[PDB]
Each structure stands twice: as C-alpha cells, then as structure tokens.
file work19.pdb (PDB, C-alpha atoms)
MODEL        1
ATOM      1  CA  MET A   1      29.360 -53.802  30.773  1.00  0.00           C
ATOM      2  CA  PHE A   2      28.421 -51.489  33.704  1.00  0.00           C
ATOM      3  CA  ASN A   3      26.441 -54.213  35.595  1.00  0.00           C
ATOM      4  CA  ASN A   4      28.269 -55.209  38.815  1.00  0.00           C
ATOM      5  CA  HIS A   5      27.748 -57.007  42.154  1.00  0.00           C
ATOM      6  CA  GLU A   6      26.022 -54.073  43.944  1.00  0.00           C
ATOM      7  CA  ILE A   7      23.601 -53.537  41.056  1.00  0.00           C
ATOM      8  CA  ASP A   8      22.904 -57.321  40.838  1.00  0.00           C
ATOM      9  CA  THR A   9      21.962 -57.138  44.547  1.00  0.00           C
ATOM     10  CA  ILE A  10      19.715 -54.108  43.823  1.00  0.00           C
ATOM     11  CA  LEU A  11      17.997 -55.658  40.756  1.00  0.00           C
ATOM     12  CA  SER A  12      17.301 -58.869  42.679  1.00  0.00           C
ATOM     13  CA  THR A  13      15.910 -57.020  45.719  1.00  0.00           C
ATOM     14  CA  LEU A  14      13.799 -54.728  43.485  1.00  0.00           C
ATOM     15  CA  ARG A  15      12.466 -57.710  41.479  1.00  0.00           C
ATOM     16  CA  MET A  16      11.656 -59.567  44.757  1.00  0.00           C
ATOM     17  CA  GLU A  17       9.889 -56.566  46.367  1.00  0.00           C
ATOM     18  CA  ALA A  18       8.197 -55.502  43.103  1.00  0.00           C
ATOM     19  CA  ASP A  19       4.724 -56.347  41.845  1.00  0.00           C
ATOM     20  CA  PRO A  20       5.020 -58.880  38.912  1.00  0.00           C
ATOM     21  CA  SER A  21       3.459 -56.335  36.470  1.00  0.00           C
ATOM     22  CA  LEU A  22       6.734 -54.316  36.691  1.00  0.00           C
ATOM     23  CA  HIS A  23       8.979 -57.231  35.583  1.00  0.00           C
ATOM     24  CA  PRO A  24       8.809 -56.707  31.729  1.00  0.00           C
ATOM     25  CA  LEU A  25       9.749 -53.032  32.238  1.00  0.00           C
ATOM     26  CA  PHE A  26      12.511 -53.930  34.709  1.00  0.00           C
ATOM     27  CA  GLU A  27      14.074 -56.445  32.242  1.00  0.00           C
ATOM     28  CA  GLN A  28      14.776 -53.579  29.791  1.00  0.00           C
ATOM     29  CA  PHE A  29      15.858 -51.192  32.633  1.00  0.00           C
ATOM     30  CA  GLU A  30      18.334 -53.878  33.821  1.00  0.00           C
ATOM     31  CA  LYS A  31      19.772 -54.398  30.312  1.00  0.00           C
ATOM     32  CA  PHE A  32      19.966 -50.615  29.720  1.00  0.00           C
ATOM     33  CA  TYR A  33      22.136 -50.002  32.819  1.00  0.00           C
ATOM     34  CA  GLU A  34      24.229 -53.053  31.781  1.00  0.00           C
ATOM     35  CA  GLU A  35      24.762 -51.291  28.385  1.00  0.00           C
ATOM     36  CA  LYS A  36      25.277 -47.934  30.284  1.00  0.00           C
ATOM     37  CA  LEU A  37      22.291 -46.607  28.238  1.00  0.00           C
ATOM     38  CA  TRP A  38      21.477 -43.925  30.811  1.00  0.00           C
ATOM     39  CA  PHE A  39      18.901 -42.207  28.561  1.00  0.00           C
ATOM     40  CA  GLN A  40      16.841 -45.383  27.786  1.00  0.00           C
ATOM     41  CA  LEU A  41      17.273 -46.392  31.423  1.00  0.00           C
ATOM     42  CA  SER A  42      15.709 -43.004  32.293  1.00  0.00           C
ATOM     43  CA  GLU A  43      12.784 -43.583  29.882  1.00  0.00           C
ATOM     44  CA  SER A  44      12.239 -46.982  31.569  1.00  0.00           C
ATOM     45  CA  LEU A  45      12.217 -45.210  34.973  1.00  0.00           C
ATOM     46  CA  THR A  46       9.805 -42.638  33.453  1.00  0.00           C
ATOM     47  CA  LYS A  47       7.408 -45.473  32.409  1.00  0.00           C
ATOM     48  CA  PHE A  48       7.697 -46.811  35.996  1.00  0.00           C
ATOM     49  CA  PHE A  49       7.107 -43.257  37.371  1.00  0.00           C
ATOM     50  CA  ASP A  50       3.928 -43.032  35.205  1.00  0.00           C
ATOM     51  CA  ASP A  51       2.656 -46.018  37.324  1.00  0.00           C
ATOM     52  CA  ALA A  52       2.258 -46.745  41.089  1.00  0.00           C
ATOM     53  CA  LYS A  53       2.582 -50.600  41.386  1.00  0.00           C
ATOM     54  CA  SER A  54       5.534 -50.298  43.820  1.00  0.00           C
ATOM     55  CA  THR A  55       6.260 -46.518  44.254  1.00  0.00           C
ATOM     56  CA  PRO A  56       8.538 -46.915  47.408  1.00  0.00           C
ATOM     57  CA  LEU A  57      11.073 -48.852  45.236  1.00  0.00           C
ATOM     58  CA  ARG A  58      11.911 -45.428  43.675  1.00  0.00           C
ATOM     59  CA  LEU A  59      13.462 -44.431  47.060  1.00  0.00           C
ATOM     60  CA  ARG A  60      15.930 -47.373  46.814  1.00  0.00           C
ATOM     61  CA  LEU A  61      16.358 -46.530  43.126  1.00  0.00           C
ATOM     62  CA  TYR A  62      17.387 -42.921  43.840  1.00  0.00           C
ATOM     63  CA  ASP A  63      19.537 -43.667  46.911  1.00  0.00           C
ATOM     64  CA  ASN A  64      21.592 -46.640  45.582  1.00  0.00           C
ATOM     65  CA  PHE A  65      21.260 -46.867  41.771  1.00  0.00           C
ATOM     66  CA  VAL A  66      20.492 -43.477  40.111  1.00  0.00           C
ATOM     67  CA  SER A  67      23.211 -42.068  42.447  1.00  0.00           C
ATOM     68  CA  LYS A  68      25.742 -43.866  40.135  1.00  0.00           C
ATOM     69  CA  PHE A  69      24.776 -41.685  37.077  1.00  0.00           C
ATOM     70  CA  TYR A  70      22.392 -38.892  38.278  1.00  0.00           C
ATOM     71  CA  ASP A  71      24.649 -36.184  36.715  1.00  0.00           C
ATOM     72  CA  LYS A  72      24.445 -37.911  33.256  1.00  0.00           C
ATOM     73  CA  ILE A  73      20.640 -37.436  32.977  1.00  0.00           C
ATOM     74  CA  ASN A  74      17.838 -34.880  33.435  1.00  0.00           C
ATOM     75  CA  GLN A  75      17.670 -33.352  36.924  1.00  0.00           C
ATOM     76  CA  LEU A  76      13.844 -33.300  37.213  1.00  0.00           C
ATOM     77  CA  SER A  77      13.815 -37.012  36.192  1.00  0.00           C
ATOM     78  CA  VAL A  78      15.996 -38.101  39.141  1.00  0.00           C
ATOM     79  CA  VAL A  79      14.359 -35.662  41.586  1.00  0.00           C
ATOM     80  CA  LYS A  80      10.820 -36.787  40.450  1.00  0.00           C
ATOM     81  CA  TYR A  81      11.648 -40.428  41.309  1.00  0.00           C
ATOM     82  CA  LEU A  82      12.613 -39.216  44.803  1.00  0.00           C
ATOM     83  CA  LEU A  83       9.438 -36.993  44.874  1.00  0.00           C
ATOM     84  CA  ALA A  84       7.009 -39.880  44.311  1.00  0.00           C
ATOM     85  CA  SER A  85       8.647 -42.241  46.815  1.00  0.00           C
ATOM     86  CA  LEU A  86       9.370 -39.644  49.550  1.00  0.00           C
ATOM     87  CA  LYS A  87       5.985 -37.836  49.168  1.00  0.00           C
ATOM     88  CA  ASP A  88       4.158 -41.199  49.529  1.00  0.00           C
ATOM     89  CA  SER A  89       6.359 -41.929  52.572  1.00  0.00           C
ATOM     90  CA  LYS A  90       4.622 -40.765  55.795  1.00  0.00           C
ATOM     91  CA  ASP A  91       6.816 -37.686  56.434  1.00  0.00           C
ATOM     92  CA  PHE A  92       7.204 -34.156  54.933  1.00  0.00           C
ATOM     93  CA  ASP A  93      10.152 -32.537  56.809  1.00  0.00           C
ATOM     94  CA  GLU A  94      12.428 -35.353  55.601  1.00  0.00           C
ATOM     95  CA  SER A  95      10.939 -34.771  52.110  1.00  0.00           C
ATOM     96  CA  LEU A  96      11.662 -31.001  52.337  1.00  0.00           C
ATOM     97  CA  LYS A  97      15.288 -31.636  53.404  1.00  0.00           C
ATOM     98  CA  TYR A  98      15.993 -34.458  50.904  1.00  0.00           C
ATOM     99  CA  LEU A  99      14.588 -32.677  47.825  1.00  0.00           C
ATOM    100  CA  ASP A 100      16.412 -29.425  48.717  1.00  0.00           C
ATOM    101  CA  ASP A 101      19.647 -31.427  49.293  1.00  0.00           C
ATOM    102  CA  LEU A 102      19.261 -33.183  45.910  1.00  0.00           C
ATOM    103  CA  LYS A 103      18.690 -29.704  44.403  1.00  0.00           C
ATOM    104  CA  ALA A 104      21.918 -28.621  46.191  1.00  0.00           C
ATOM    105  CA  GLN A 105      23.874 -31.463  44.493  1.00  0.00           C
ATOM    106  CA  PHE A 106      22.714 -30.049  41.126  1.00  0.00           C
ATOM    107  CA  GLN A 107      23.491 -26.503  42.361  1.00  0.00           C
ATOM    108  CA  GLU A 108      27.118 -27.732  42.828  1.00  0.00           C
ATOM    109  CA  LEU A 109      27.126 -29.640  39.468  1.00  0.00           C
ATOM    110  CA  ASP A 110      25.751 -26.562  37.598  1.00  0.00           C
ATOM    111  CA  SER A 111      29.188 -25.068  36.765  1.00  0.00           C
ATOM    112  CA  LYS A 112      30.468 -28.525  35.589  1.00  0.00           C
ATOM    113  CA  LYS A 113      27.409 -29.045  33.295  1.00  0.00           C
ATOM    114  CA  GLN A 114      28.641 -25.667  31.974  1.00  0.00           C
ATOM    115  CA  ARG A 115      27.633 -22.021  32.526  1.00  0.00           C
ATOM    116  CA  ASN A 116      27.876 -18.385  31.443  1.00  0.00           C
ATOM    117  CA  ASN A 117      26.166 -15.288  32.911  1.00  0.00           C
ATOM    118  CA  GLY A 118      22.488 -16.201  32.317  1.00  0.00           C
ATOM    119  CA  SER A 119      23.374 -19.096  29.975  1.00  0.00           C
ATOM    120  CA  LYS A 120      20.531 -20.977  28.147  1.00  0.00           C
ATOM    121  CA  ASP A 121      20.266 -22.975  31.396  1.00  0.00           C
ATOM    122  CA  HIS A 122      21.521 -21.587  34.717  1.00  0.00           C
ATOM    123  CA  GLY A 123      19.520 -23.796  37.158  1.00  0.00           C
ATOM    124  CA  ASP A 124      16.025 -24.025  35.549  1.00  0.00           C
ATOM    125  CA  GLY A 125      15.416 -27.529  36.975  1.00  0.00           C
ATOM    126  CA  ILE A 126      16.545 -26.573  40.506  1.00  0.00           C
ATOM    127  CA  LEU A 127      14.435 -23.360  40.353  1.00  0.00           C
ATOM    128  CA  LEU A 128      11.407 -25.644  39.760  1.00  0.00           C
ATOM    129  CA  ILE A 129      12.573 -28.009  42.569  1.00  0.00           C
ATOM    130  CA  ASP A 130      12.977 -24.953  44.874  1.00  0.00           C
ATOM    131  CA  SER A 131       9.452 -23.812  43.911  1.00  0.00           C
ATOM    132  CA  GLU A 132       8.082 -27.360  44.504  1.00  0.00           C
ATOM    133  CA  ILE A 133       9.665 -27.697  47.973  1.00  0.00           C
ATOM    134  CA  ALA A 134       8.596 -24.080  48.751  1.00  0.00           C
ATOM    135  CA  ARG A 135       5.014 -25.156  47.829  1.00  0.00           C
ATOM    136  CA  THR A 136       5.497 -28.141  50.193  1.00  0.00           C
ATOM    137  CA  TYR A 137       6.754 -25.791  52.971  1.00  0.00           C
ATOM    138  CA  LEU A 138       3.744 -23.467  52.357  1.00  0.00           C
ATOM    139  CA  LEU A 139       1.299 -26.439  52.428  1.00  0.00           C
ATOM    140  CA  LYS A 140       2.922 -27.402  55.790  1.00  0.00           C
ATOM    141  CA  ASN A 141       2.824 -23.764  57.084  1.00  0.00           C
ATOM    142  CA  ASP A 142       2.458 -23.619  60.901  1.00  0.00           C
ATOM    143  CA  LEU A 143      -0.439 -21.082  61.040  1.00  0.00           C
ATOM    144  CA  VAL A 144      -2.193 -18.846  58.433  1.00  0.00           C
ATOM    145  CA  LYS A 145      -1.224 -15.935  60.823  1.00  0.00           C
ATOM    146  CA  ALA A 146      -4.240 -13.586  60.358  1.00  0.00           C
ATOM    147  CA  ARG A 147      -5.540 -11.111  57.712  1.00  0.00           C
ATOM    148  CA  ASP A 148      -3.153  -8.694  59.544  1.00  0.00           C
ATOM    149  CA  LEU A 149      -0.551  -9.946  56.985  1.00  0.00           C
ATOM    150  CA  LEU A 150      -2.944 -11.583  54.450  1.00  0.00           C
ATOM    151  CA  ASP A 151      -0.481 -11.109  51.532  1.00  0.00           C
ATOM    152  CA  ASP A 152       2.198 -13.381  53.141  1.00  0.00           C
ATOM    153  CA  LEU A 153       0.236 -15.004  56.006  1.00  0.00           C
ATOM    154  CA  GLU A 154       2.836 -17.739  56.759  1.00  0.00           C
ATOM    155  CA  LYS A 155       4.023 -18.214  60.388  1.00  0.00           C
ATOM    156  CA  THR A 156       6.769 -20.837  59.758  1.00  0.00           C
ATOM    157  CA  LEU A 157       9.167 -18.206  61.240  1.00  0.00           C
ATOM    158  CA  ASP A 158       9.082 -14.513  62.287  1.00  0.00           C
ATOM    159  CA  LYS A 159      12.543 -13.692  63.778  1.00  0.00           C
ATOM    160  CA  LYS A 160      15.799 -15.661  64.358  1.00  0.00           C
TER     161      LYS A 160
ENDMDL
END
call {"tool": "encode", "arguments": {"input": "work19.pdb", "output": "structure tokens"}}
result
Amino acid sequence: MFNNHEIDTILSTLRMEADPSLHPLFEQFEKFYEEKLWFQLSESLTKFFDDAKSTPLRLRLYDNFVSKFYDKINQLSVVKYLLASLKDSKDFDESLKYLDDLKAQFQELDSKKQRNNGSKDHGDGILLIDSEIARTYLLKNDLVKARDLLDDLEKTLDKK
C-alpha cells in the first residue's frame, strides 16, 4: 500500500480542518491513494474541486500530497487545485509566480512524458496555464496606459 506516516498526518489534518460534508468523498480519496489509484484519486479531487466547502485545503493538497504523484496525472487537474486555493487566497503575485512555477515543472517533465517535433501534445496544458496566468497578469495590469497604445495598453513594464 502507498499510505504512509506523512500521508496519515495529512489525511488527519485535512479531515480535522474540513467541513463534515467532505468526509464521504475523503474516505474514497484516502483509500484510492492507499491503493495508488492516482486516476480515481484525481476524480475524487475533481468532485472536491467542483465544490467550495473547504477550498484552502487544496493548497495543502497540492503542496504536500499531489506533489507525490503530480507527474502521473493530468496537468490541468493538479494546477486547477492550486488555482482554486491560491486564487481564493488574498494575494495575486504569489499566485502568478506559483502557477507559472508549476507550469515550469511540467515544462521540464514534457520530454519525459514523451515528445517529437509538434507531437500530438507538446505542452497544450502549460500553454493554457500560461494563458491563464497571462490573463491574471493583464487583470492586475498597473495602468491602462492611454489610447496612445490602445491595442496593447498594458503598463506592467516599458523598458528594462
């Protein structure tokens, strides 16, 4: 079984911090990691992600638990768990950095997942993540410059 002392600590802390409505779902999630059933574990996390009972738990989940197997499962799944928790968290620059850095982990894994010149996948998930964090960076643009450069009116930078 894959269940171990760190994960027993995590499951206990999660179950303590969690709203009781999450417990039936977390019983199957617990057993799925114990059985190393990464895909059913991901569907359980997807059912949790479709709800908001305890969204900040997904930050612990990404940082300490999904980190054990994040390469075994869909990129957008793991990054979305970090999206919901770190978007609800009262920051945005940390969110920008963290989601780009998690994209960068997949950018390094890309060749190990397997690749060819424009293979069937060549970073499609991380292109979406890059577009999502670019949308975040645009939403947090410093100034809408002026109509002087209406087409690309960001002022996040200009030189250096």
call {"tool": "residues_around", "arguments": {"input": "work19.pdb", "residues": "residue A:53", "least_positions_apart": "6", "cutoff": "10 Å", "atoms": "all atoms listed in the file", "output": "mmCIF file with C-alpha atoms, in the coordinates of the input"}}
result
data_model
loop_
_atom_site.group_PDB
_atom_site.id
_atom_site.type_symbol
_atom_site.label_atom_id
_atom_site.label_comp_id
_atom_site.auth_asym_id
_atom_site.auth_seq_id
_atom_site.Cartn_x
_atom_site.Cartn_y
_atom_site.Cartn_z
ATOM 1 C CA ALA A 18 8.197 -55.502 43.103
ATOM 2 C CA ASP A 19 4.724 -56.347 41.845
ATOM 3 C CA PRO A 20 5.020 -58.880 38.912
ATOM 4 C CA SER A 21 3.459 -56.335 36.470
ATOM 5 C CA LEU A 22 6.734 -54.316 36.691
#
call {"tool": "closest_residue", "arguments": {"input": "work19.pdb", "among": "A:157, A:150, A:76, A:25", "to": "residue A:123", "atoms": "all atoms listed in the file"}}
result
A:76
call {"tool": "resolve_selection", "arguments": {"input": "work19.pdb", "expression": "the PyMOL selection byres ((chain A and resi 35) around 8)", "output": "ChimeraX atom specification"}}
result
/A:1-3,31-34,36-37
call {"tool": "residues_around", "arguments": {"input": "work19.pdb", "residues": "residue A:124", "least_positions_apart": "6", "cutoff": "12 Å", "atoms": "all atoms listed in the file", "output": "CSV table (one decimal) with C-alpha atoms, in the coordinates of the input"}}
result
chain,number,residue,atom,x,y,z
A,74,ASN,CA,17.8,-34.9,33.4
A,75,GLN,CA,17.7,-33.4,36.9
A,76,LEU,CA,13.8,-33.3,37.2
A,103,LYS,CA,18.7,-29.7,44.4
A,106,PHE,CA,22.7,-30.0,41.1
A,107,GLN,CA,23.5,-26.5,42.4
A,110,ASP,CA,25.8,-26.6,37.6
A,118,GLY,CA,22.5,-16.2,32.3
A,130,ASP,CA,13.0,-25.0,44.9
A,131,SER,CA,9.5,-23.8,43.9
call {"tool": "closest_residue", "arguments": {"input": "work19.pdb", "among": "A:58, A:99, A:50, A:41", "to": "residue A:14", "atoms": "all atoms listed in the file"}}
result
A:58
